[PDB]
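For reference, my_file-v9.txt (compact mmCIF, C-alpha atoms and all ligand atoms):
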# COMPACT_ATOMS: atom_id res chain seq x y z
CA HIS A 4 43.50 28.41 16.85
CA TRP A 5 40.27 27.67 14.89
CA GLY A 6 38.27 24.43 15.00
CA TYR A 7 34.74 23.06 15.35
CA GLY A 8 34.15 23.25 19.12
CA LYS A 9 31.89 25.57 21.21
CA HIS A 10 34.88 27.87 21.88
CA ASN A 11 36.70 27.97 18.45
CA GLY A 12 33.99 26.84 15.98
CA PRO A 13 32.25 28.51 13.03
CA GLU A 14 30.48 31.21 15.17
CA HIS A 15 33.96 32.47 16.28
CA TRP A 16 35.82 32.40 12.89
CA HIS A 17 34.85 35.96 11.87
CA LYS A 18 37.06 37.51 14.59
CA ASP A 19 40.29 36.25 12.98
CA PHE A 20 38.81 35.91 9.43
CA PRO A 21 36.35 38.79 8.85
CA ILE A 22 35.57 37.47 5.31
CA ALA A 23 33.50 34.85 7.27
CA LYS A 24 30.65 37.44 6.96
CA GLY A 25 31.41 38.25 3.25
CA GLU A 26 29.28 38.26 0.13
CA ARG A 27 30.22 34.83 -1.32
CA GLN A 28 30.64 32.42 1.66
CA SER A 29 30.19 28.66 1.49
CA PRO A 30 28.55 26.32 2.06
CA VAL A 31 24.89 27.24 1.18
CA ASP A 32 21.52 25.54 1.11
CA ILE A 33 20.60 24.48 -2.44
CA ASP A 34 16.91 25.23 -2.92
CA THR A 35 16.08 22.83 -5.81
CA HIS A 36 12.94 24.88 -6.70
CA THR A 37 14.93 28.21 -7.01
CA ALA A 38 18.03 26.82 -8.84
CA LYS A 39 17.59 27.41 -12.58
CA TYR A 40 18.54 25.03 -15.36
CA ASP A 41 21.27 26.82 -17.44
CA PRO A 42 21.16 25.17 -20.89
CA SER A 43 24.50 27.02 -21.68
CA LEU A 44 26.42 24.84 -19.08
CA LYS A 45 28.74 22.19 -20.61
CA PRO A 46 29.01 18.62 -19.27
CA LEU A 47 31.71 18.39 -16.62
CA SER A 48 35.00 16.78 -17.77
CA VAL A 49 36.56 14.78 -14.87
CA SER A 50 39.91 13.43 -16.21
CA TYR A 51 41.39 11.36 -13.33
CA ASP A 52 42.99 8.51 -15.45
CA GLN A 53 46.63 9.66 -14.61
CA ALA A 54 45.86 10.82 -11.00
CA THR A 55 48.97 10.29 -8.79
CA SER A 56 48.04 10.07 -5.06
CA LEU A 57 50.98 10.53 -2.65
CA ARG A 58 50.05 10.74 1.01
CA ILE A 59 47.20 10.94 3.52
CA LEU A 60 47.48 13.46 6.38
CA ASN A 61 45.45 14.11 9.58
CA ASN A 62 45.66 17.96 9.75
CA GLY A 63 43.63 18.25 13.03
CA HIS A 64 40.43 19.35 11.14
CA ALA A 65 39.98 16.46 8.64
CA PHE A 66 42.23 14.12 6.68
CA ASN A 67 43.55 15.13 3.26
CA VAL A 68 44.56 12.71 0.49
CA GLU A 69 47.24 14.65 -1.43
CA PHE A 70 48.07 14.33 -5.16
CA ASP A 71 51.08 15.20 -7.31
CA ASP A 72 49.93 18.46 -9.00
CA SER A 73 53.40 19.23 -10.58
CA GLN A 74 51.78 18.47 -14.04
CA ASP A 75 48.23 18.11 -15.62
CA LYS A 76 47.75 14.48 -14.35
CA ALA A 77 44.25 14.68 -12.77
CA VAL A 78 42.16 17.67 -14.00
CA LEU A 79 38.66 19.08 -13.95
CA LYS A 80 37.44 21.09 -16.99
CA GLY A 81 34.17 22.10 -18.66
CA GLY A 82 30.87 22.68 -16.86
CA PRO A 83 30.98 26.33 -15.63
CA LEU A 84 34.83 26.41 -15.81
CA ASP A 85 37.17 28.26 -18.20
CA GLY A 86 40.47 26.40 -18.60
CA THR A 87 42.06 23.59 -16.61
CA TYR A 88 41.95 22.91 -12.86
CA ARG A 89 44.43 20.41 -11.31
CA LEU A 90 43.45 18.09 -8.45
CA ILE A 91 45.63 18.81 -5.35
CA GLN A 92 43.71 17.03 -2.56
CA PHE A 93 40.43 15.62 -1.36
CA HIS A 94 38.92 15.47 2.11
CA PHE A 95 35.57 14.94 3.81
CA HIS A 96 33.30 16.60 6.34
CA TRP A 97 31.18 14.36 8.55
CA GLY A 98 28.88 14.17 11.55
CA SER A 99 28.59 12.47 14.93
CA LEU A 100 25.27 10.95 13.70
CA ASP A 101 24.04 9.98 10.20
CA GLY A 102 21.52 12.92 10.17
CA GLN A 103 24.26 15.60 9.92
CA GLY A 104 27.72 16.08 8.49
CA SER A 105 27.39 17.64 5.03
CA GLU A 106 28.20 21.34 4.55
CA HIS A 107 25.90 21.94 1.60
CA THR A 108 22.30 21.06 2.17
CA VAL A 109 19.60 20.29 -0.43
CA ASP A 110 16.19 21.81 0.46
CA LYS A 111 17.63 21.96 4.07
CA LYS A 112 18.39 18.16 3.96
CA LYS A 113 21.76 17.30 5.62
CA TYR A 114 23.69 14.28 4.38
CA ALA A 115 25.92 12.06 6.58
CA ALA A 116 29.05 13.48 5.02
CA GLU A 117 30.44 15.47 2.07
CA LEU A 118 33.52 14.83 -0.11
CA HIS A 119 35.44 17.81 -1.49
CA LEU A 120 37.85 17.28 -4.40
CA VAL A 121 39.94 20.46 -4.51
CA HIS A 122 41.37 21.72 -7.83
CA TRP A 123 43.35 24.86 -8.74
CA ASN A 124 43.34 26.91 -11.97
CA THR A 125 46.64 26.21 -13.81
CA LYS A 126 46.68 29.76 -15.27
CA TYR A 127 47.85 30.97 -11.78
CA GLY A 128 50.85 28.57 -11.71
CA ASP A 129 50.54 27.35 -8.08
CA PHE A 130 47.83 26.75 -5.45
CA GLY A 131 48.98 29.64 -3.19
CA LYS A 132 48.52 32.14 -6.08
CA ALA A 133 45.21 30.54 -7.20
CA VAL A 134 43.50 31.06 -3.77
CA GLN A 135 44.03 34.87 -4.16
CA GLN A 136 41.85 34.87 -7.34
CA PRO A 137 38.02 34.80 -7.67
CA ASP A 138 38.31 31.92 -10.20
CA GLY A 139 41.33 30.26 -8.54
CA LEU A 140 39.72 27.01 -7.32
CA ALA A 141 37.08 24.53 -8.40
CA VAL A 142 35.76 22.24 -5.67
CA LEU A 143 33.72 19.19 -6.69
CA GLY A 144 31.36 18.36 -3.81
CA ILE A 145 29.79 14.93 -3.46
CA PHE A 146 27.23 13.97 -0.80
CA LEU A 147 27.54 10.71 1.16
CA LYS A 148 24.48 8.84 2.44
CA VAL A 149 24.64 5.75 4.61
CA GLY A 150 23.63 2.56 2.80
CA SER A 151 25.74 0.06 0.81
CA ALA A 152 29.56 0.20 1.18
CA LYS A 153 31.47 2.21 -1.42
CA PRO A 154 34.25 -0.17 -2.56
CA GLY A 155 36.44 2.69 -3.86
CA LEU A 156 36.39 4.25 -0.33
CA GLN A 157 37.63 1.15 1.56
CA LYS A 158 41.41 1.80 0.90
CA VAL A 159 40.90 5.20 2.62
CA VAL A 160 38.91 3.66 5.55
CA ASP A 161 41.67 0.96 5.91
CA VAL A 162 44.55 3.51 6.48
CA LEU A 163 42.69 5.77 9.08
CA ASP A 164 44.08 3.64 11.99
CA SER A 165 47.60 4.80 10.93
CA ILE A 166 46.72 8.59 11.03
CA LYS A 167 44.59 8.69 14.16
CA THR A 168 45.94 11.99 15.53
CA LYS A 169 46.82 15.49 14.30
CA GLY A 170 50.10 15.66 12.34
CA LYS A 171 50.20 11.92 11.47
CA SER A 172 50.63 11.00 7.77
CA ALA A 173 51.01 7.74 5.80
CA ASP A 174 52.09 6.86 2.25
CA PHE A 175 48.97 6.68 0.05
CA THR A 176 50.18 5.93 -3.47
CA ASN A 177 48.18 4.40 -6.33
CA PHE A 178 44.73 5.49 -5.04
CA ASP A 179 42.17 5.99 -7.87
CA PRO A 180 39.77 8.87 -7.04
CA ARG A 181 37.44 7.73 -9.89
CA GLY A 182 36.16 5.14 -7.35
CA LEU A 183 34.59 7.91 -5.24
CA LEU A 184 32.28 9.32 -8.01
CA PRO A 185 28.55 8.53 -8.45
CA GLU A 186 27.20 7.40 -11.89
CA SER A 187 25.72 10.83 -12.84
CA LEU A 188 27.78 14.05 -13.21
CA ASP A 189 24.55 16.21 -13.03
CA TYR A 190 25.44 19.20 -10.79
CA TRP A 191 24.60 22.56 -9.25
CA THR A 192 27.14 25.40 -9.43
CA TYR A 193 27.59 28.76 -7.69
CA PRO A 194 30.46 31.11 -6.76
CA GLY A 195 31.66 30.75 -3.14
CA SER A 196 34.47 30.24 -0.73
CA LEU A 197 36.71 27.82 1.17
CA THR A 198 34.55 26.39 4.02
CA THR A 199 37.49 26.49 6.56
CA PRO A 200 39.69 29.40 7.51
CA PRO A 201 40.98 31.40 5.78
CA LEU A 202 37.54 31.32 4.08
CA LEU A 203 38.88 32.89 0.84
CA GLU A 204 36.29 33.76 -1.85
CA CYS A 205 38.12 31.90 -4.62
CA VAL A 206 35.92 28.82 -5.33
CA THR A 207 33.65 27.80 -8.19
CA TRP A 208 31.53 25.20 -6.42
CA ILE A 209 30.31 22.21 -8.41
CA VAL A 210 28.00 20.04 -6.24
CA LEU A 211 26.85 16.70 -7.70
CA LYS A 212 23.12 15.98 -7.47
CA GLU A 213 23.64 12.19 -7.01
CA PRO A 214 25.01 11.17 -3.58
CA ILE A 215 27.31 8.18 -3.17
CA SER A 216 26.33 5.46 -0.67
CA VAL A 217 28.85 4.43 2.03
CA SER A 218 28.29 1.87 4.79
CA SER A 219 27.61 2.57 8.46
CA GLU A 220 30.93 0.78 9.18
CA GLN A 221 32.84 3.06 6.71
CA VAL A 222 31.48 6.29 8.36
CA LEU A 223 31.99 4.81 11.88
CA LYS A 224 35.74 4.56 11.02
CA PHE A 225 35.82 8.31 10.08
CA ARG A 226 34.38 9.04 13.54
CA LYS A 227 37.27 7.14 15.29
CA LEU A 228 39.82 9.74 14.13
CA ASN A 229 41.01 12.39 16.58
CA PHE A 230 41.28 16.19 16.37
CA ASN A 231 44.02 16.12 19.06
CA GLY A 232 47.71 15.24 18.67
CA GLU A 233 49.29 12.02 20.08
CA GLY A 234 49.46 12.00 23.91
CA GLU A 235 46.85 14.79 24.26
CA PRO A 236 43.30 14.38 25.61
CA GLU A 237 41.14 12.40 23.09
CA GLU A 238 38.64 14.53 21.12
CA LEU A 239 36.82 12.52 18.45
CA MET A 240 36.98 14.07 14.96
CA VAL A 241 33.25 14.48 14.36
CA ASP A 242 31.04 17.39 13.26
CA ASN A 243 33.83 19.04 11.25
CA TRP A 244 31.31 20.87 9.06
CA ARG A 245 30.43 24.56 8.66
CA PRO A 246 26.67 25.25 8.46
CA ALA A 247 24.93 26.88 5.49
CA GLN A 248 25.78 30.60 4.98
CA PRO A 249 23.58 33.37 3.47
CA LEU A 250 23.18 33.10 -0.34
CA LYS A 251 23.12 36.94 -0.61
CA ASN A 252 23.33 38.14 -4.26
CA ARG A 253 24.01 34.72 -5.81
CA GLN A 254 22.17 32.34 -8.13
CA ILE A 255 22.67 28.56 -8.07
CA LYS A 256 22.56 27.10 -11.62
CA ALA A 257 21.58 23.47 -12.42
CA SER A 258 23.22 21.49 -15.27
CA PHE A 259 20.00 19.39 -15.60
ZN ZN B 301 35.92 20.80 2.52
Just give me the structure as structure tokens.
Ligand SMILES: [Zn+2]
Amino acid sequence: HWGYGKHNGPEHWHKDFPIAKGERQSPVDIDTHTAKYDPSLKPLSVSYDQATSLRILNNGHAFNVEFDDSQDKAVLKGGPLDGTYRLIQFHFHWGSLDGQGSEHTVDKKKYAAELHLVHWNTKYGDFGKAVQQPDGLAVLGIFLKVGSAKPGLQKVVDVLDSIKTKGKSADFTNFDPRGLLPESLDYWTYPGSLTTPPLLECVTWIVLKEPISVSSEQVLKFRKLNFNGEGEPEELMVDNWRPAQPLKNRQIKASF
């Protein structure tokens, strides 16, 4: 029964998911002065040439664009990672206003939104097994600021009308996630968690330093989605972000 409201939001999650108060929760504030350059970090390898998108789903918390992860089609490797992580889905977190919406923050700065590209470690065979492992997932996080339109985002914006409410899905084949990336793959990395229930501590976070720019009209269309199901009272899908959690005994490493 979790969500983002006063009554079921992030301050409540710990009662059903006690790991909400654990030692490696996400997101976190990235203090750019405290993050250390780690000259031992490899460049990221983002291999999305054969990515096979299938479907877009409104799950009542966000929308997920789902990929065929039955083979090594779209993978993330290198950087802080050992082995091969397969893309399974991406989604966003966003605000009611342009001054909030990201989950990570940079020197306490909040971006308008944040893209998460979710990948699982192929050595665990399936996603459900991977989330039970401390190195099971790699999530590539990309900040969104409001400015110029992102052309590679418009096919997503265009289909949101068709998945307005919880449980609605649409075919979403032949979408190229390379169109969502910034120019630079410079990043921060730290060990953390899923940012929604069940809040499992299974994620190597890789957060790109360079935000992508989207237009006010693009983000306005995200804010027209609904948390509710069809024929229920309208609740706009906005402010689906968890705030920054304690860093505790963790160091954030910079690739640059
Ligand atoms: Zn997310």
Could you pull the residues within 9 Å of residue A:182, counting only C-alpha atoms, minus those fewer than 3 positions along the same chain, as a PyMOL selection string?
chain A and resi 153-156+178-179+185
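You can rank A:168, A:87, A:187, A:37 by their closest distance to residue A:235 using only C-alpha atoms, and at the top of that list sits A:168.
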Interface rows for chain A against ligand ZN 301 (chain B): nearest pair, Å to one decimal, 9 Å, only C-alpha atoms and all ligand atoms, as a Markdown table:
| residue | atom | partner | partner_atom | distance |
| --- | --- | --- | --- | --- |
| A:65 | CA | B:ZN301 | ZN | 8.5 |
| A:93 | CA | B:ZN301 | ZN | 7.9 |
| A:94 | CA | B:ZN301 | ZN | 6.1 |
| A:95 | CA | B:ZN301 | ZN | 6.0 |
| A:96 | CA | B:ZN301 | ZN | 6.3 |
| A:106 | CA | B:ZN301 | ZN | 8.0 |
| A:117 | CA | B:ZN301 | ZN | 7.7 |
| A:118 | CA | B:ZN301 | ZN | 7.0 |
| A:119 | CA | B:ZN301 | ZN | 5.0 |
| A:120 | CA | B:ZN301 | ZN | 8.0 |
| A:121 | CA | B:ZN301 | ZN | 8.1 |
| A:142 | CA | B:ZN301 | ZN | 8.3 |
| A:144 | CA | B:ZN301 | ZN | 8.2 |
| A:197 | CA | B:ZN301 | ZN | 7.2 |
| A:198 | CA | B:ZN301 | ZN | 5.9 |
| A:199 | CA | B:ZN301 | ZN | 7.2 |
| A:244 | CA | B:ZN301 | ZN | 8.0 |
Taking only C-alpha atoms into account, which of A:252, A:48, A:29, A:92 comes nearest residue A:67?
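That would be A:92, the residue with the smallest distance to residue A:67.
Shortest separation to residue A:49 among A:128, A:180, A:63, A:195 occurs at residue A:180, atoms counted being only C-alpha atoms.
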Any idea what the distance is between atom CA of residue A:112 and atom CA of residue A:151?
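For atom CA of residue A:112 relative to atom CA of residue A:151, the distance reads 19.8 Å.
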Under the rule that only C-alpha atoms are counted, which of A:230, A:225, A:259, A:208 is the nearest residue to residue A:28?
A:208
By how many Å are atom CA of residue A:254 and atom CA of residue A:131 apart?
27.4 Å
note - atom CA of residue A:234 and atom CA of residue A:165 are separated by 15.0 Å
Using all atoms listed in the file, which of the listed residues (A:13, A:236, A:139, A:201) sits closest to residue A:169?
A:236
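Ranking A:126, A:10, A:212, A:24 by their shortest atom-to-atom distance to residue A:258, with all atoms listed in the file included, puts A:212 first.
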List as a list in words the protein and nucleic acid residues near residue A:133, meaning an atom at most 12 Å away when all atoms listed in the file are counted, but skip any in the same chain fewer than 2 places from it.
residues 88, 89, 91, 121, 122, 123, 124, 125, 126, 127, 128, 129, 130, 131, 135, 136, 137, 138, 139, 140, 141, 203, 204, 205, 206 and 207 of chain A
Name the residues in contact with residue A:193 at a cut-off of 10 Å, using only C-alpha atoms, excluding same-chain residues fewer than 4 positions from it; report them as a ChimeraX atom specification.
/A:27,29,31,33,38,83,206-210,250,253-257
Restricting the output to C-alpha atoms, write the selected residues as a compact mmCIF listing (two decimals), in the coordinates of the input.
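And here is the file that came out, part.txt:
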# COMPACT_ATOMS: atom_id res chain seq x y z
CA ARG A 27 30.22 34.83 -1.32
CA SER A 29 30.19 28.66 1.49
CA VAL A 31 24.89 27.24 1.18
CA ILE A 33 20.60 24.48 -2.44
CA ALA A 38 18.03 26.82 -8.84
CA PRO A 83 30.98 26.33 -15.63
CA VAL A 206 35.92 28.82 -5.33
CA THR A 207 33.65 27.80 -8.19
CA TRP A 208 31.53 25.20 -6.42
CA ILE A 209 30.31 22.21 -8.41
CA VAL A 210 28.00 20.04 -6.24
CA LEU A 250 23.18 33.10 -0.34
CA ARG A 253 24.01 34.72 -5.81
CA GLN A 254 22.17 32.34 -8.13
CA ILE A 255 22.67 28.56 -8.07
CA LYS A 256 22.56 27.10 -11.62
CA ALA A 257 21.58 23.47 -12.42
Counting all atoms listed in the file, which residues come within 7 Å of (30.1, 14.4, -11.4), with the point read in the file's coordinates, and could you list them as a VMD selection string?
chain A and resid 47 184 to 185 187 to 190 211
With 4 Å of padding per side, what axis-aligned box (centre and edge lengths, Å, one decimal) covers all the listed atoms of stretch 207-212 of chain A? Give it as AutoDock Vina command-line options.
--center_x 28.4 --center_y 21.9 --center_z -7.3 --size_x 18.5 --size_y 19.8 --size_z 10.2
